[PDB]
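As structure tokens, the structure follows; a few thoughts come after it.
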Amino acid sequence: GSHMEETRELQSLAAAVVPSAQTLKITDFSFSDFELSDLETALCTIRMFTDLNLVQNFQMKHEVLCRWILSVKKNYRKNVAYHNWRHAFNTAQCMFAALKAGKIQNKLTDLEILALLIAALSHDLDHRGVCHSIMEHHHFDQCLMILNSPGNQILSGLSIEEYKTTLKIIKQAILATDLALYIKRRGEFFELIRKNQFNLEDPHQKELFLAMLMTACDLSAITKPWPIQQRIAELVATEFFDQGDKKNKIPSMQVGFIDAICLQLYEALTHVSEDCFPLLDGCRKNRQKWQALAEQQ
Ligand SMILES: CCCc1nc(C)c2c(=O)nc(-c3cc(S(=O)(=O)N4CCN(CC)CC4)ccc3OCC)[nH]n12
Numbered sequence: 531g532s533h534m535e536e537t538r539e540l541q542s543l544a545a546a547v548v549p550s551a552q553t554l555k556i557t558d559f560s561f562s563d564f565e566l567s568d569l570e571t572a573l574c575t576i577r578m579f580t581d582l583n584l585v586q587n588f589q590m591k592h593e594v595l596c597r598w599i600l601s602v603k604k605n606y607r608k609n610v611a612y613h614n615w616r617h618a619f620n621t622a623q624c625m626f627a628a629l630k631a632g633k634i635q636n637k638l639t640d641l642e643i644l645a646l647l648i649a650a651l652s653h654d655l656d657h658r659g660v677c678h679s680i681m682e683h684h685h686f687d688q689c690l691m692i693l694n695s696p697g698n699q700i701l702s703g704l705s706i707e708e709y710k711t712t713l714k715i716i717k718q719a720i721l722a723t724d725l726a727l728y729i730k731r732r733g734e735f736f737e738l739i740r741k742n743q744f745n746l747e748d749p750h751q752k753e754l755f756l757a758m759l760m761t762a763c764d765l766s767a768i769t770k771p772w773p774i775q776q777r778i779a780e781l782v783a784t785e786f787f788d789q790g791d809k810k811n812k813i814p815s816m817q818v819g820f821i822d823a824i825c826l827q828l829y830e831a832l833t834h835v836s837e838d839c840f841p842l843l844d845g846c847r848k849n850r851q852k853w854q855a856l857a858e859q860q
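What follows is the structure in structure tokens.
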């Protein structure tokens with residue numbers, strides 16, 4: 531958009547009243563953004579930061595937060611069917627739901643939460659594309691550029707060390723969305739859980755969990771109510787077909820993706836917190852739906 535248009539958008543956002551988390555429904559794991567305008571996703575984002583006490587705990591100026599959110603949004607690579615602002619926004623919303631409804635908040639520090647939210651919203655910036679097609683390598687560089695860009699520095703209130711720590715976690719969180727990295731480190735996570743040895747007090751295990759949580763939120767579309775999951779799966783297919791430039812196999816592949824990548828993760832997450840069960844439940848239900856189709860409806 532033009533300079534004038536971007537200015538009007540910022541004006542509208544900054545002056546808008548931010549509805550409660552309840553009104554926005556961002557606490558629900560089944561949340562959908564289909565009917566929301568970009569402005570509304572921005573208000574939802576502000577609410578996430580607010581109810582997670584980030585605005586307060588880190589002294590974020592309203593205007594700066596609004597500007598940073600809009601700067602992240604407008605900077606998403608255009609013409610990408612799935613990995614775009616909406617997916618990033620949804621990843622952040624799932625993170626918020628997991629921290630609140632999933633009750634994972636009290637297990638993390640304010641800096642880890644700060645970093646996780648920022649990474650969720652920024653992880654698909656500078657999307658380049660590429677089975678092995680779902681093995682994308684993410685890029686945290688643009689995330690940091692925007693975070694450090696004049697007028698958008700929402701971490702300005704952090705001490706030198708808090709800032710250095712936050713950036714380290716942000717980098718780890720973004721890289722964690724690389725499925726190759728998830729596949730590489732998940733074995734350790736699953737075994738710790740299986741042997742009742744999972745310990746969040748252990749720095750290494752805390753870091754491992756944060757990476758697994760990023761993956762869970764990044765793939766959460768697979769847990770949504772059927773009609774919603776069906777539409778987002780179309781977006782996924784469209785993105786791959788756009789790179790290509809078939810469909811009768813989608814059902815079988817969805818089941819394969821769920822069985823090989825998703826289910827065990829949501830099952831494990833449920834062990835860390837039973838309240839995250841909905842994600843597992845939604846995933847199981849979508850597997851059944853896809854299996855029915857695969858066996859030929
Ligand atoms: C964006 C890529 C990651 C991702 N996120 C979501 C929500 C999805 C999703 O719903 N579906 C896919 C998704 C995953 C695969 S796959 O590469 O894993 N495929 C199935 C498994 N077999 C091995 C047994 C290899 C080939 C294939 C197609 C997919 O989307 C089809 C619409 N990927 N995906």
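Count the sequence shown with PDB author numbering and you get residues 531 to 660, 677 to 791, 809 to 860, in order. We treat Cβ as the ideally placed atom computed from N, Cα and C, and that holds for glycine.
Distance between beta carbons of residue j and residue i, contact taken as under 8 Å
| i | j | result |
| --- | --- | --- |
| residue 627 | residue 557 | 6 Å |
| residue 566 | residue 605 | About 19 Å; that fails the 8 Å criterion. |
| residue 691 | residue 719 | Rounded, the Cβ-Cβ distance is 16 Å, inconsistent with contact. |
| residue 756 | residue 646 | 7 Å |
| residue 791 | residue 631 | Not confirmed; about 40 Å, so no contact. |
| residue 736 | residue 835 | Not really, about 12 Å apart at Cβ, beyond 8 Å. |
Proximity of residue i and residue j at Cβ, strictly below 7 Å
| i | j | result |
| --- | --- | --- |
| residue 746 | residue 633 | no |
| residue 602 | residue 652 | yes |
| residue 599 | residue 575 | yes |
| residue 596 | residue 546 | no |
| residue 641 | residue 711 | yes |
| residue 729 | residue 649 | no |
| residue 703 | residue 589 | yes |
| residue 772 | residue 818 | no |
| residue 559 | residue 841 | yes |
| residue 785 | residue 618 | no |
| residue 814 | residue 767 | no |
| residue 613 | residue 685 | no |
| residue 548 | residue 573 | yes |
| residue 789 | residue 659 | yes |
Exposed unless 16 or more other CB atoms sit within 10 angstroms - verdict on residue i
| i | result |
| --- | --- |
| residue 797 | For residue 797, no position is available: the coordinates of the chain end at 791 and pick up again at 809. |
| residue 581 | buried |
| residue 822 | exposed |
| residue 583 | exposed |
| residue 804 | Between 791 and 809, the chain has no modelled residues, which means residue 804 does not appear in the coordinates. |
| residue 723 | buried |
| residue 779 | buried |
| residue 639 | exposed |
| residue 758 | buried |
| residue 787 | exposed |
| residue 849 | buried |
| residue 810 | exposed |
| residue 577 | buried |
| residue 616 | buried |
| residue 762 | buried |
| residue 741 | exposed |
| residue 769 | buried |
| residue 571 | buried |
| residue 551 | buried |
Option in the options with minimal Cα separation from residue i
| i | options | result |
| --- | --- | --- |
| residue 847 | 534, 825, 548 | 825 |
| residue 765 | 725, 741, 787, 734 | 725 |
| residue 843 | 823, 860, 832, 570 | 832 |
| residue 592 | 700, 552, 616 | 700 |
| residue 709 | 695, 644, 541 | 644 |
| residue 828 | 739, 553, 617 | 739 |
| residue 555 | 624, 733, 693, 782 | 624 |
| residue 694 | 713, 540, 810, 707 | 713 |
| residue 561 | 635, 774, 721 | 774 |
| residue 731 | 751, 776, 783, 855 | 751 |
| residue 680 | 782, 550, 835 | 782 |
| residue 820 | 859, 629, 678, 683 | 678 |
| residue 689 | 748, 629, 607, 706 | 607 |
| residue 687 | 705, 721, 706, 707 | 721 |
| residue 812 | 749, 859, 777 | 859 |
| residue 635 | 579, 705, 682 | 579 |
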